[PDB]
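Colleague: Got an experimental structure here, sequence first:
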2 protein chains.
Amino acid sequence: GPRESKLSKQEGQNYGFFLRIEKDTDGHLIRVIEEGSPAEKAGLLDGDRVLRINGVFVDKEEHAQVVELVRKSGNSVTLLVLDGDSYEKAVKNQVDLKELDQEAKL
Amino acid sequence: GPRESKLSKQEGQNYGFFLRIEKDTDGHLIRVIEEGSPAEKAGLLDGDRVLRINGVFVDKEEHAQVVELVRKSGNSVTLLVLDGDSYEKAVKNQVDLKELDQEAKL
């Protein structure tokens, strides 16, 4: 289910991913995670959607805002992410994404 | 990658950019971005290409209809632009410009 990913990096360093809007696709997508990066080390996966940034729900914010939020968070940031399939399955079944909290399968 | 620039102006004010048709040049070119202008504030960069206006794909529209789409948007307009370097690289690599949307590197 959702995961809380605690990213941390050095000054001048990128976290090492793209945030994207994709044509006819819901959500703020994480793509092209660089090998060995802060993003990788924190558990980010290709196709994850960003639900929250430092606990603030952003699924309905504009891309520019979501980017700004990451950027203004400085050299650490907490992302609540959901994998692409769980995210599409949640939106399919009209689940309230706001009410989703961390869940792990073991 | 592409950016959405959200330009806003006062009534009777100009945005502060030109659109041109240039010989042996692909696409709807943003030129002459006035310093201090709405265009500059929104993040337009010289050599930017206009891909979409209020979401509508225009790279293959006539210059006259693109200008008119901007004017008809009144005192704000949303432009999906792709910087001149990324755009020239995309046309070479035969990328479908219709499929490009906002992207940021973090």
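Modeller: Yep, that arrived. Residues are numbered from 1 along each chain as shown, chains lettered A, B, ... in the order given.

Colleague: and chain A, which residues reach chain B?
Modeller: Taking Cβ under 8 Å from any Cβ of the partner chain, the part of chain A that reaches chain B is made up of A:14-23, A:39, A:62-64, A:67, A:70-71. To be clear about C-beta, it is placed using only N, CA and C from the backbone, and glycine gets the same treatment.

Colleague: Take those residues and keep only those in strands.
Modeller: Secondary structure from DSSP state E places A:18, A:19, A:20 of the residues of chain A next to chain B in strands.

Colleague: Of those residues, which is the nearest to residue A:101?
Modeller: Of all those, residue A:19 has the smallest distance to residue A:101: 22.2 Å, by Cβ to Cβ.

Colleague: ok, the ones in strands among the residues of chain A next to chain B vs residue B:86, which is closest?
Modeller: Distances from residue B:86 to those, taken by Cβ to Cβ, are shortest for residue A:18, at 13.0 Å.

Colleague: Could you double-check that the closest one lies in contact with residue B:104?
Modeller: Yes. With contacts counted by Cβ atoms under 8 Å, residue A:18 reaches residue B:104, the gap being 6.8 Å.

Colleague: Overlap in contacts, the two.
Modeller: residue B:1 (Cβ atoms under 8 Å, 6 or more residues apart in numbering or on different chains).

Colleague: I would like a PyMOL command selecting only the buried ones among the residues of chain A next to chain B, please.
Modeller: Buried residues within these, by 16 or more other Cβ atoms under 10 Å in any protein chain shown, are selected in PyMOL with:
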select buried, chain A and resi 15+16+17+18+19+20+21+39+63+64+67+70
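
Colleague: Endpoint to endpoint, stretch A:41-48 covers what distance?
Modeller: Stretch A:41-48 has an end-to-end distance of 15 Å (Cα to Cα, to the nearest Å).

Colleague: Pull out the buried residues from that stretch.
Modeller: Neighbour-count burial for stretch A:41-48 [16+ other Cβ under 10 Å]: A:42, A:44, A:47, A:48.

Colleague: you'd agree the third one is up against residue A:28?
Modeller: No. Contact between residue A:47 and residue A:28 fails when scored by Cβ under 8 Å: they sit 11.5 Å apart.

Colleague: Which of the helices or strands spans the residue nearest the centre of chain A?
Modeller: Nearest residue to the geometric centre of chain A (Cα atoms, centre = their mean): residue A:50, 2.7 Å. Using DSSP states H and E, residue A:50 sits in strand A:49-53.

Colleague: now whatever helix or strand comes next after that strand, how far from the centre of its chain.
Modeller: Under the assignment DSSP H and E, the closest C-terminal helix or strand after strand A:49-53 is strand A:56-57. Between the mean C-alpha location of strand A:56-57 and the chain-wide mean there is a distance of 11 Å, by Cα atoms, centre = their mean, to the nearest Å.

Colleague: Okay, now the sheet partners of strand A:56-57, with direction.
Modeller: strand A:49-53 (antiparallel) (DSSP bridges).

Colleague: what does the partner strand rub up against?
Modeller: Contacts for strand A:49-53 (Cβ under 8 Å, 6+ apart): A:2, A:19, A:26-30, A:57-59, A:66, A:69-70, A:73, A:77-82, A:84, A:87, A:97, A:100.
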